[PDB]
Each structure stands twice: as structure tokens, then as C-alpha cells.
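Residue numbers (PDB author numbering), protein chains in the order written: chain C, 2 to 117, 123 to 132, 141 to 377; chain C', 2 to 117, 123 to 132, 141 to 377; chain C'', 2 to 117, 123 to 132, 141 to 377. A prime marks a further copy of an entry chain.
The next block holds one structure in the form of C-alpha cells; read it before the comments.
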Amino acid sequence: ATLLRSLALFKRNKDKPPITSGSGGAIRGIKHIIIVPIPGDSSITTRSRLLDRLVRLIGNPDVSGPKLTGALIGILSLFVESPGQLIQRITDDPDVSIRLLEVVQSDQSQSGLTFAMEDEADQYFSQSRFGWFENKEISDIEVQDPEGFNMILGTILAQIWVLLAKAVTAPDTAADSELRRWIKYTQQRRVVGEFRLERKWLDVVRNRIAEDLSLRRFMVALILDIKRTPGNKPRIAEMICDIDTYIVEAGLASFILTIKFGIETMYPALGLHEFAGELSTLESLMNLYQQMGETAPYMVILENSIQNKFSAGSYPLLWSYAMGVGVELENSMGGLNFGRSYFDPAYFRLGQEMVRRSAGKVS
Amino acid sequence: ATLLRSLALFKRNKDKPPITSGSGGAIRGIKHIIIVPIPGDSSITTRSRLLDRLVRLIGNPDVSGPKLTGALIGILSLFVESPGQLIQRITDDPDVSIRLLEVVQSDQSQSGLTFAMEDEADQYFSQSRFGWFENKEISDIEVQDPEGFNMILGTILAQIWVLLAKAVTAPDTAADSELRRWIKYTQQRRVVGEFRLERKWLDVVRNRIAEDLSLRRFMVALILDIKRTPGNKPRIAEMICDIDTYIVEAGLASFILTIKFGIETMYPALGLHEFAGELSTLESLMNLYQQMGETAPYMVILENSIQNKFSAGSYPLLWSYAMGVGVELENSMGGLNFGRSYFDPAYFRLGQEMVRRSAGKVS
Amino acid sequence: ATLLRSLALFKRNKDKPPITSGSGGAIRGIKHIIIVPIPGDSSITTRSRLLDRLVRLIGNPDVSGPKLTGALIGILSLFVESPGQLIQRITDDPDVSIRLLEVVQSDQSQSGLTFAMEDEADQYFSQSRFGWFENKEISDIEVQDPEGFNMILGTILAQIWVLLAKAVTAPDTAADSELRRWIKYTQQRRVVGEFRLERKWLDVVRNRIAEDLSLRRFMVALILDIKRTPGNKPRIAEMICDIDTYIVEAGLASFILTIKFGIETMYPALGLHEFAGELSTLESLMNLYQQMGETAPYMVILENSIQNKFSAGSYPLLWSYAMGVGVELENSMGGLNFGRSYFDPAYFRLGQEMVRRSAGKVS
RNA sequence: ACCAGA
RNA sequence: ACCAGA
RNA sequence: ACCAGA
RNA sequence: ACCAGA
């Protein structure tokens, strides 16, 4: 029986994360200065004016790659006291150097904001192609109370964080799903229902989160910082960690649903010998998933190299069995597109057959 | 059998609370000064006058967000000696900074109360839209005896704490349920039956408890402080912990009733293989429920991010089975609305069928 | 079988008493000075005169809340040497501060008693609405022998302690039950049969014990001190612990009779699966009942928050089965009112059917 | 909450 | 999220 | 890569 | 040495 433990150790080394800290520092890329307009000063009034001048900055076809990513990092961190020590706390991206600039309110400037460069800010912040709210009776969302801005900012962030859930997996067919979360935070009284940003504003951001990678690394790594906050989180931060249950494991559902339907049901069609090698390369992917730490449900949001390893192509037979168990059990699995060049529908029909045979067949 | 314990550890890490104390302090939100008018001095007379001038403050359409929340925190803590060291004892909310001000009685002021700012208090405390008692022959509820005020304050609090039970779950259809608790504390002689605040006063408060989150964090976290009081509690505090049995787990009844009817009855339709994966993701939610501590029955009152995890959408088949067992056993389960996009009524009809088949069928 | 012990631990934590000593001291209510006229000096004569001037104080419509409760605490502790070190020994109520004053006899005062304030006592102690004995040929019950006063005080206390048995559960229909205990202590020669206080005197006290809560906490917590007295108790104290067998568990008979008829009979209709979940939430209420200690039969006399947990609404089916077994077995169960909004008479008729089927049907 | 209990 | 619970 | 998830 | 592998 010496072949067995020599086989299991063979799959616990080729299916092992490589050890690190071997690069001396000659892998770091050419940097890229990005511009994140942080809120200026203690006062609430200028950070509501900053949010107003930076939401309509995004709804603009004339904004670039870095100017839009720095605009989003500028508004995804307005919910904290002193956002400057949050951006440099979170960003460990090696391709983007944060050069973040303070924005203070003024009555001299055209937009109303200067940089702490009085009119140079007006070329930073400035009709049928400007993205804005759906109730476009709105002109400005500048307020002066703290709990007003806390509910407006919580409304704007709650429909940028739900973009992250399927900006990279189902970008085009995300419009119906993300509305069902907007309905969720409206009846929870988390957000205000009036201030729904339109299809064209969100399609700027959803296309942006999909097309660059350092914006997603900022959006993921602050979520991981929200989770570590021990006590009662602040209420926008609780909302971001509430949206997070839709963002985790988003793009690993050829692996999560393989576990949920192929493994956990335990039909008699797992003792097939053709699965016996593929239950071990799925056992080792569950050992690998929990030793990657808290960055493991985001491996395809962060789009690292290790999500090729959790792909269903390494277990093409036991995955198809789990799609057969999956679409026969739930109504919700009927909408899942599983179109791959390794499908083998003879085990998909064997997956459905074990469910239909075991209808009233208590084990 | 190495796949089995590798599977169970996989569900005891993705269904695990994240470890904390990783934020250095850069998550804390922008603060918000709130105004909680605490009772002034040792004497009973000014805290009955404070209760009188602050109940009718709430029945007013001209009061704001923070002024109403500070009015409620002002009256939900009048039942203790020195309420100032209760508010700063309870409030660990990061979005609200308590600036609490002492209120002393006077004969110079219009309302009768000054701040320890003689007439500035009159703009703080001051007909068919002013909410007040149903027997609106009442003008004032200022008294001078201690046991009188102890019964009037116990009457006002006992119909604010029953608002919390379903302010966030069934806000609109709470009017018939909360009356059945008002009838309970009338025949127990806990409250006085005359001083029933009307529909329009309570709909200010029930809408308030629903729409902001730092008021609920104060209402929850003093309940958790009432429970820790070892000996005989004071009688208003015993009443709050008595109302508490209706506030606990309020919004988790897709999980509590899944345990009560799906699990604990133990019909032969739990050995279905389609439930075998969903009895383990319900076993791990019972491990998670008791290691969250004493803040776990209030997770949807506090509206944290972990009540998405106890949702019935993660076990959509075994939940529907338990609604089928549930509505067939009790008359009371017929009023429960369970309308979700994952219902699958083929197991709801299988849930009813196991009850009807097992009518006189002792195991 | 890992779901089973994970289920049983889930019900031994949500159905668990919360741990205590977490309040630093900021729960304690506003105090309330009460006036308990203790007997003055060693001599027997002034404590018989104190009892005389304080029984007719209670039969008076002009006495208040605190003056009546302090009058009752004044006479419920006359049976001990030095009653002053009994009141401050018993009262751990946080809402009532005992300010107890010594009463000495005199020939200068109108009532005959001064305070150790010669005429100020006459406004403390002073016809068809004055409650007094039924044989209202009696003018005074002042005596001079010790065994005379020991039998008069034992007569007055034995019809105040039987008020406590159902002052809070069946207040209105207690007049026929409490007479059957007065007949019991008359043929035992415990009391004197002549000195029966009338309906109108006792309806002052029974309404008082029902309407305030700190009087019941004094009446309960001295009963618990009577029980701890090791040797032969004094004879009035033996009588109070003799009345106590009617005061214990008074208001828990939807739980005691559920145990007595539903559980202990062990008909074949307990192996129903619909009861199998409700025999475990009744098993855990028997674990909870004996770890609450010696204050557990008085939880609804003390009216704490934990008697909502022993309510029949948490086991609405197995309770109705036990009312069906109950009213079919005894004549005495026919008088029990069990009218609740969770009755489900299909198991009440199933409860009666198991008794009628098992008539001469020895197991 | 409601019965009977020397 | 929605029932009943002295 | 694609579903559903108060 | 030769396949497939978001």
C-alpha cells in the first residue's frame, strides 16, 4: 500500500501554492500615478460637495482610465474619517502609486472645490450622454447635515459595490440581478429609493471595474479591511460587508456548485472509479481553498493565476455530474450557463438520472 | 473516507466568522453629534416634567432625524438613577457621538425646563397632527410621587420597546400584534391601561426605529445590559427584558422555524440525499449562531452582514420542506408570509405530505 | 449523527439563562422611600397596639400606594423579635429604599402610638367603607398576653399570605379558593375562626399585591428566608411556609400540568413526530427550572422575564394534548380556564381520546 | 395568566 | 425580511 | 467565466 | 514529444 500515500503526496505538491519571498524586488512593475481626490477637512459640507462633483464626473464620456479609477477610489472611501490614511492603508497594488490630493470647498472656484490650483481643480471636475440619477429632476445632491450625507453616500456606494459582484463574470447580464439587490436595500431602509443612478452611469463603472485590475484590488482589499473591524461597524461599512455576500466566490461556481451538488448529496454515483481520481483533485482544492486565507473567495475578482487551478477543466467529469444534479434540483440552476469545451453530457445525463431515480428514495 | 472530513472542514471555514482586530482604526466613519436630553438632578419632579415635554416632542412632524433619535434615547433611559452614565456606558456606535445635555426644571422658561440657555431650551421642546395619548382629555402627565412616575414611564417605555420587535421585519402589519402585548401588560398590571399612545405617535417611532440604525444599536445594547443585571432587576428594566422575548430572533424565522419543523420533527423525509448537503449547511449555522454570543438573536435588528448567511436562500429546499411541515401543524403558521424567489413548492407539498401521512403514525 | 448533538446544544443555549454581573451599576432605578412602621421595643403590648392601629389603617380608601405597602411590610414582619433587622435582611429590591421607623406606645397620642413626632404619628395611623373584621362587634384587638397576640397576629397573617397565592393569576375568582384555606387553618387550630377579615379589607390587599411589584418581592423573599430556617420554625413562620404550598408554581400550571398529564402518563401519543421537537423544548425547560434555584416556583409571582419562556406558546401542541389528558382524568381540571390564541383543539381531542381508549388498558 | 391540593 | 408566543 | 441568495 | 484545461 505504498503506492497510495506516494500518490496522495504527489497531488499535495503539484496542487500546492508555491513558496514565496524569492524575488529580491526585481518583479515590481513600472508605476502609475493615479489621482484620488480625498475629502478636504473635518467638515461634512465639503465632502458632500466632493461627492456631488465626483459622481457627475464619472457620468462623462471624456474621462480617462486613471481619472475614472481615481474618481471611484475617491468616492469609495468618503465614508471614513480621514480618507487619506485609508487609501495608503489599503493599496498594496504594485502597478499603481496613489498620489492623493486634498479637496477643500471654496466660493471662488466654478465647481466650488479647490485643491489644498484654484482654477486647476475646475479642469479636474469639468447632456443626453452625462450619466446621472434616474429621477433627473435632481440637479445637486449637496447637503449640510451629517445624517443626510450618510444616507446619500450610503446610497451611491451600495450601487457601486453591487457592480463588483458580477462585473467580471456576467458583465452584460448583470442588470437584472443587481436590481434585485437594490430592491433589497430599499425595503431594509439601508438606502434611499429615489437616488437610483441610471443604466448609463453604472455601465461606465461596471465597464471600468471589468477593464482595469487595480480598481478591483482596491475594492477587494478594503472589503477585507471591513471584515476585520471588530465591533459594531459603521453603517456604510456594514452595508459594504452586507453586499459582500454576493461578491464572495463570484466566478468559482463551477467549483462551489460542484461541491454543493456533486459531493454533498452523496448519491451512489460517486463510487464510480472514473470519479475516484477526481474526488481527490477536488479534495486537494478544498485544502488549497482554505489555506489561501481570506483572499480566496476573491481569486477571480482579483483575477490571480490560481483560479485556473479551481477550473472545472481539471475535473471535467465530476463537474458535469454536479451540473446534472444541480439543474434537476433547483429552479435557480436553470439560468446558469455552463458552456465549456469539456462538458461530456453523458455524465450530465447520469447526473440527472441519479436525482430522478432517487425521488422518494430515503437512504 | 478522507473526503468527508476534508468536506466538513471546508464548510467550517467558508461558513466561519472572520477574525477581527485587523483594522488599525481607519474604518471609523464621520461622526454625528446627537442630542440626548438627560434628566436633571436627583429629584423625581424634573424627570417627570422631562418625560412630559419629550413625549409630545416626538408627536410632532417638525422634528428631524437626530432630534427624534436623541429624544428617544432621552426617554428610553429615564428609568435609571443618573442616565448620563448609562448612555456613555451603552453606546459603542461608531457613527454617533453622544453629546448629552442636562435638563433641569425651572419656572422662568415657557416649557418649564432649562439646560444646565434658558430660552434656548424652548426651541428644543417646542393640533390634529401632534401625536399624543388616545384618551386625549389628557393635557399633561407631570406627577410628583416616585411610584406614579415609575408607572407612567413604565407605560411609555412598554409601548416603545414592543415597537422594536417588528419595526424592521413587518413594519406595516405590526399594529395588530403590538396590541396583543399591550393587552398582556395591562392584565399583568405592568402598565396603566389609560395611557395608550395613539397610532400616529407610534408610527413616528416605528418609522424612526426602522429608518435609522444607531437607534436600534442603542435599543439592542441596553437590552443586553438589562440581561446582565444579576439580582432582582428594577421593575421597568424587568419589563424591558420581558418585552425582549418578542424581540429576540425577530427576522430569523426562516431559520428558527426551519430548525423547529424541518429538523426537530424528524420525519423520514430528511434522509433524502438532496437534504443531506443542506442539513450540514444548517448544522454549521447552529454552530455559528451560538458562537456569535448574546448579540446573535438581534442580528437583523442590528442589521449586520451575517444575517445574509442565515437566509433561507442557502438552503432553499430544506427550508421549503419546513414551511410545509410548519403550515400544516399550527394555525399560527398560516399567517406567515414566505414569499421568496427560491421557494420550490414541490418540497412544500412534500413537507405537507409527511405531516398528513404521519397523522396517527407513532414512530 | 452529528446533526443531533449539534441540535441539542442549539437548544441548550437559546434556552439558557444569560450570564450576569456585566452591569457595572448603571441599571439601578430611581429609588423610592417607603415607610415601614416597625414594632417599638421589647414589650409585647406595643406590637399588639401597632397591629391594631395598622390593620384598620389598611381598611381605608384614603391610603396611598407607598403607605399601604409599608403598612403591609409593617405587619408581615411583626412575628419576629426585632423586625428592623428582618426588613433590611430581606429587601434586595432596587426600586424601594426602606426607611423604617420605630413605633412606641404612649398615652399622650390620640391613636396611642408615637415615633421614636408625637402628633405626627396620628396623621400616619388616621364607616361603611372602612375594612375590618366580619364580626364587626369588634372594636380593638389590642391584647397584653404574648400567646394571645401570637394567635391574633397568626390569624391576620394567615389571610394575607393566602392572598399571595392567586393575587396575580386569578385575582377576581380567588374568593372561593382562599376560603377553603381559611377553613383549613381553622380546623387545624392554627388561627382563630372569629377574626376573619372581611371581603372589603382583603380586596384592598389583594388589589395591592397585584398592582405593585416590590410588595411581592418582599413577600416572596421572606418565604425563601422561612424555608432556610433549619430547626423547628416559630409557629407563625411555620404557618407561612404552610401557606407556601399554595403559592409555589402559581401561574406555571400550563407547564406543571403539561408535565403531569402530557409527559408522566406516557400514552402512546408521545411518539408522534410533531411532539418530538416539543418534548425537547420541554426537557430543556425542566433543566432550566431547577438551575434557577429556589426562586423558580415564584417566577410569575415575582413576574420576572423568564416566565415568558415557560409559557405554553412555545409548545402549543403538546400543551393542548396535556389539557386533553388533564380534563378527562380529574374533576378538578374542569375548572381550569385555558383560553389562549394557540390552543389547536385537534390535539385536545386527541388528548381526550388517548384517555378514553386507555380506560381498562393496563400497559 | 386562571384548576385542585391538612 | 414578514407567524404565534403572561 | 456566467445561477440563486434580507 | 503531441490532448483538454477563465
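Backbone N, C-alpha and C fix where the C-beta goes; we use that ideal spot for every residue, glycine too.
Within the same chain, and ignoring the five residues on either side of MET165/C'' in sequence, the residues whose Cβ sits closer than 7 angstroms to its Cβ are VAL206. Annotated three-state conformation of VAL206/C'' is coil, per DSSP. Bounds of the alpha helix (DSSP H) holding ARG371/C are 359 to 371.
The DSSP assignment places 267 to 271 as complete runs of the alpha helix (DSSP H) inside the stretch 251 to 279 of chain C', in order along the chain (cut-off: 4 residues). For a cut-off of 8 angstroms, the C-beta gap from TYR312/C to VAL234/C is around 5 angstroms, short enough to register as a contact. At least one CB of chain C lies nearer than 7 angstroms to the CB of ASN322/C'. Contact annotation, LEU266/C' with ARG220/C': C-beta distance approximately 20 angstroms; criterion of less than 8 angstroms not satisfied. The Cβ atoms of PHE144/C'' and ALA127/C'' lie no closer than 7 angstroms to each other. Following the DSSP letters along the chain, one finds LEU114/C' inside the beta strand (DSSP E) bounded by residues 114 to 116. In the three-state DSSP reduction, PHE147/C' falls in the strand class (E or B).
Where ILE315/C'' is concerned, there is no enclosing alpha helix (DSSP H), because DSSP gives it neither an H nor an E. Taken in chain order, the complete alpha helix (DSSP H) segments of 4 residues or longer contained in the stretch 66 to 101 of chain C are 66 to 76, 85 to 91.
Taking a cut-off of 8 angstroms for Cβ pairs, the stretch 317 to 325 of chain C'' and the stretch 247 to 264 of chain C'' do not touch, as fewer than three such pairs fall below it. Among the residues of chain C', those whose CB is under 7 angstroms from the CB of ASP256/C are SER319, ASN322, following chain order. Residue nearest to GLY85/C'' within the set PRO40/C'', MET306/C'', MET253/C'' is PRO40/C'' (criterion: CA-CA distance).
For the stretch 57 to 91 of chain C', the set of residues with a beta-carbon nearer than 8 angstroms to any beta-carbon of chain C'' comprises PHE80, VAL81, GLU82, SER83, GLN86, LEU87, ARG90, in chain order. Per DSSP, the unbroken alpha helix (DSSP H) holding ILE45/C' starts and ends at 45 to 59. One thing to note: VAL104/C'' has its Cβ within 7 angstroms of the Cβ of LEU51/C''. By the Cβ neighbour-count rule, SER142/C' is exposed, with fewer than 16 other Cβ atoms within 10 Å of its own. Here DSSP, grouped into helix, strand and coil, assigns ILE197/C' to helix. Nearest Cα to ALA172/C' within the set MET253/C', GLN366/C', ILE197/C': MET253/C'.
Those residues of the stretch 242 to 254 of chain C' placed with their C-beta closer than 9 angstroms to a C-beta in chain C'' are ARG242, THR243, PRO244, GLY245, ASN246, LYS247, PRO248, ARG249, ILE250, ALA251, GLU252, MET253, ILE254, ordered along the chain.
Under the DSSP definition of a beta bridge, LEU211/C' partners with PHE147/C'.
Apart from sequence neighbours up to five positions away, the residues of its chain that approach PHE357/C'' with a beta-carbon distance below 7 angstroms are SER334, ordered along the chain. Its Cα nearest to that of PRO95/C'', the residue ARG249/C' stands out among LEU236/C', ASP226/C', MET347/C', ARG249/C'. By the Cβ criterion, the stretch 30 to 45 of chain C'' is in contact with the stretch 79 to 93 of chain C'', since at least three pairs of Cβ atoms, one from each stretch, lie closer than 8 angstroms. Under the three-state reduction of DSSP, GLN321/C is assigned to helix.
In terms of CA proximity to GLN201/C, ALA184/C' leads the group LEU296/C', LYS32/C', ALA184/C'. Listed by position along chain C', the residues whose Cβ is nearer than 7 angstroms to that of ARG29/C'' are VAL81, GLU82, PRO248. Between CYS255/C and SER112/C, the alpha-carbon positions lie close to 33 angstroms from each other.
Note on geometry: alpha-carbon atoms of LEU58/C' and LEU216/C lie some 42 angstroms from one another. Taking every protein chain shown into account, the CB of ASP108/C has fewer than 16 other CB atoms within 10 angstroms, so this residue is exposed. Under the DSSP definition of a beta bridge, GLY30/C'' partners with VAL81/C'.
Residue pairing from DSSP places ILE35/C' in a beta bridge opposite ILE99/C'. For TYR281/C', the closest Cβ of chain C'' is nearer than 7 angstroms.
Distance from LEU69/C'' to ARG222/C'' at the Cβ level is roughly 5 angstroms; contact confirmed, criterion being Cβ atoms closer than 8 angstroms.
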